[PDB]
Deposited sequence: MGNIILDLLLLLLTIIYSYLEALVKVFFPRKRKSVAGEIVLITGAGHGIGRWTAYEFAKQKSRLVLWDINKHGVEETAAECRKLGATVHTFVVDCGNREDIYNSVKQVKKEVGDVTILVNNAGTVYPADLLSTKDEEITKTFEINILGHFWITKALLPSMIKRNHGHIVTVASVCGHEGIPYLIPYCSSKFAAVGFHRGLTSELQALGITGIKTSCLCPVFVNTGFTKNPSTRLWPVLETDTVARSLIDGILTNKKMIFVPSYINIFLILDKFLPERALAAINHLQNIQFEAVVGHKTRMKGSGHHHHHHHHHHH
């Protein structure tokens, strides 16, 4: 019975589909080049991080990959090398502040000064507020938003000198609206969306032009991060990476995946 009312939403998503693809062709945004840039990607051992390193390797960039999974990040670097990119990896606990700072100095003593940051890394512990463990909540924030500050903080001094960079904050639709069982996770993803919103307002207020900001906000991505989605599309690992590579190149502030989820958030502010 509920499927009858659901066709109104289905018609508006196909309405946005032709409308968005018409703007991407009729009056399209200026695509830039990321060739020879120092692109650091945290959580690049699998999924959205792994396929972002594949997309940057296609653009002829200088990759630096960070992860806790030594094997996973090494295998991503292996397939990024098989594309022609210069790739150098480091096993970094992207939630630990003293490890991040320790590895930033090794990045400058080996690769140089990072010019593009991809704060992809994340952790999820799906449970109701009363069954979630305190350690899980702490680890959620430590990786999803606290860690974003230390990476951003250690690379921004150099991007400020050169007035050239790009801070990519990878968050989810759980940064625009909360879902059940993921309250600690949604709270951290909302914080990530606000950190990019404040970074964008403060970069602008300080006269900084050269440093752009992009925020990836997709729905369920088939990566194994969780088991099944929360509500009745499941984006693929590679489809999301193509959306992120295309959003960084046009310098878009909010990369919604799939884009129509912007009109759904508009309708939320009408009760």
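In this chain the deposited sequence has gaps in the coordinates at 1, 234-235, 275-315, listed in sequence order.
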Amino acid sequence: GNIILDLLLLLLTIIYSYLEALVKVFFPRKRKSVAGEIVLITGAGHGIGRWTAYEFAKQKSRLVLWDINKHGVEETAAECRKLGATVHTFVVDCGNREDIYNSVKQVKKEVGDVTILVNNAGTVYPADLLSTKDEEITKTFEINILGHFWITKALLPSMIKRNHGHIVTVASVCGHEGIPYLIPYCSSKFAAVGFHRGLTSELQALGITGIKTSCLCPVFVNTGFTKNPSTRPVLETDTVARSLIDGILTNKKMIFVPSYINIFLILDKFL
From here on, numbers count along this sequence of modelled residues.
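When 60-68 is weighed against 22-30, 22-30 comes out higher, by mean CA B-factor as recorded in the entry.
As listed in the deposited structure, the average C-alpha B-factor of 143-151 and of 177-185 is greater for 177-185. For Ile211, the recorded CA B-factor ranks within the middle third of the chain. Only modelled residues enter the ranking.
Placement of the Cα temperature factor of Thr42 within the chain: lowest third of the modelled residues, per the deposited record. Ranked against the other modelled residues of its chain, the C-alpha B-factor of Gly224 as given in the entry falls in the middle third. The deposited CA B-factor of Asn96 belongs to the lowest third of values across its chain. When the modelled residues of the chain are ordered by C-alpha B-factor, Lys161 sits in the highest third.
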